[PDB]
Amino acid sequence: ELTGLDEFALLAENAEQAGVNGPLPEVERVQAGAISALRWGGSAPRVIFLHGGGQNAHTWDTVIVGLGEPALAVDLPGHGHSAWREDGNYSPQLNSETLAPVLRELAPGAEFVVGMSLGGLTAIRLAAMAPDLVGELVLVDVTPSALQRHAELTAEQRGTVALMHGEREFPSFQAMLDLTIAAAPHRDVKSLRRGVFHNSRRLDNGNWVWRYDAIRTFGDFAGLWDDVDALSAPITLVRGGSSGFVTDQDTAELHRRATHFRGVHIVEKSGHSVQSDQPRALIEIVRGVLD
């Protein structure tokens, strides 16, 4: 497989996973400085989408194709086509500081922000610092406490990796796909293959690398809870029913601290990446929030 395939070549697969038919929406890549994004359905996005750690904007393709709304799907710093940082600082607080002037230019009229994991917390920091923009937050399988717990578990393996030389280097596409199959073997390989395609690039060596910087570190969660207390945007939470990432105690804590918690939707047979495992169920919920 030699691949100069355009990044929009597989969208018919996304339309089929979403269970929709008809012409594909218009989409193009946009950039303002350090931030790259996919702009869907023209120049007036209704919804902003923020992916998770180790993901990129393309994670949202199926959800965005199924929802049929104009949307902006942003590459977080360190991810997709967005610039890396030497300090490896992809904290919600920093992501939010980079993203806010770009969202003011590229999505000033988008009331709704959907964020998964790191993207969910980035959304909270955005809602805090720039309220005039965020009318409504949807969090996908994340709370501040839930991500703090995940950061603390991986701290030793993010200390060790950091001491290695270069990024990693992969002999083939298949070798990166093999790693993704290992982490989610029950998931349709054509879905997994599409995800790897977007998340990887071939070097002139003929070798392959991930598009994302290996995350050295995350941000100040007490400050992030202070942002949840001050926020006026209503918060909906979406959990994966097979995800242990967010506990019942996590959800109650978010209800207690939020000004307007709209509740948790628990999506049966979804892991952490609800947009990857059950996009049709995520489209219904997001459509519900647009009323």
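The first residue of the shown sequence is 1; numbering continues from there.
A.B. asks: Of the two stretches 212 to 220 and 96 to 104, which shows the higher Cα B-factor on average in the entry?
C.D. replies: Higher mean C-alpha B-factor in the PDB entry: 212 to 220.
A.B. asks: Using the B-factors recorded in the PDB entry, average over the C-alpha atoms of 5 to 13 and of 272 to 280, then report which stretch comes out higher.
C.D. replies: So the stretch with the higher mean C-alpha B-factor is 5 to 13.
A.B. asks: Between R201, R187, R193, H79, which one tops the list for C-alpha B-factor in the PDB entry?
C.D. replies: Each of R201, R187, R193, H79 was compared by C-alpha B-factor; the highest is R201.
A.B. asks: In terms of recorded Cα temperature factor, pick the maximum from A44, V47, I35, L50.
C.D. replies: That would be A44.
A.B. asks: For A130, return the chain-relative third of its C-alpha B-factor as stated in the PDB record: lowest, middle or highest.
C.D. replies: Tercile = highest for this residue's CA B-factor.
A.B. asks: Against its chain's modelled residues, does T143's Cα B factor rank lowest, middle or highest third?
C.D. replies: Lowest third of the chain for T143's C-alpha B-factor.
A.B. asks: What third of the chain, by the recorded C-alpha B-factor, contains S172?
C.D. replies: Within its chain, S172 is a highest-third residue by C-alpha B-factor, going by the deposited values.
A.B. asks: Please say which third, lowest, middle or highest, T259 falls into when its CA temperature factor is compared across its chain.
C.D. replies: Tercile = highest for this residue's CA B-factor.
A.B. asks: What third of the chain does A230 rank in for C-alpha temperature factor, lowest, middle or highest?
C.D. replies: Highest third, going by the recorded CA B-factors of the chain.
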